[PDB]
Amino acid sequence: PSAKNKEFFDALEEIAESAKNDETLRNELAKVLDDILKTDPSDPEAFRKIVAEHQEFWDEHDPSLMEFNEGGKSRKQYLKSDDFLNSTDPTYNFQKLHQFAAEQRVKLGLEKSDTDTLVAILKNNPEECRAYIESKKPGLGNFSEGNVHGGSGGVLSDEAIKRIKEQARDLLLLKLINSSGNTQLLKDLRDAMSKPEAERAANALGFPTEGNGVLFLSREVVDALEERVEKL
């Protein structure tokens, strides 16, 4: 068959997308992400174990993640092998899954952040973002040095910081759309035919110019923009 590294990567993305509307699932997911985050990815035996420890969580979303029709190795041997989680995965090794868990843990905390937190994320450069995330403990996650070996900082790659900003962009845009009484300006952003046009309309609505590098109109923002513009 194949190792489950990418499937866990995709399951993490899918559960987080669903956690935006199930507060009880978000608190479940936060605990799982917190456990992965405090496990050293350089210890493959501990890393496989902490993932297998949450089978009850994985089975509620995808029972294929933890399945293994024994008949070959036993299930215990399988769960401790590269056949379950390949520590030498060229793309989704334990470091990459550890970094993705932290990036998801931040995005999870951003779903409850106020407007100022979202703006600071978009204004700060990658280096400031890490120190800023290392200053909001444990709102956006425990990125102290006790849990990360480390300190993070590290686990938040530059590409991870960019995806965190993309999430804060959508969260902030939805807030501005749900707040502004400037109907014509909301029409302008809805009808922007280019990024520079979207930039000028979004900046006027309150989106910081420092976040223009990640500015992009997603489906959920256009949908919310369409409703609000037609809302009388």
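Position 1 is the first residue in the sequence shown; the rest follow in order.
The stretch of deposited sequence separating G71 from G72 contains 1 to 3 residues lacking coordinates in this entry.
Across the two stretches, 106-114 and 133-141, the PDB entry reports the greater mean Cα temperature factor for 133-141. For the two regions 177-185 and 25-33, the entry's Cα B-factors average higher over 25-33. The residue among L85, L156, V119, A101 whose C-alpha carries the highest B-factor in the deposited model is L156.
Among the modelled residues of its chain, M193 has a C-alpha B-factor that falls in the highest third, as given in the PDB entry. When the modelled residues of the chain are ordered by their C-alpha B factor, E53 lands in the middle third. When all modelled residues of the chain are sorted by CA temperature factor, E60 is found within the middle third.
In the PDB entry, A19 places in the highest third of its chain by CA B-factor. When the modelled residues of the chain are ordered by C-alpha B-factor, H149 sits in the highest third.
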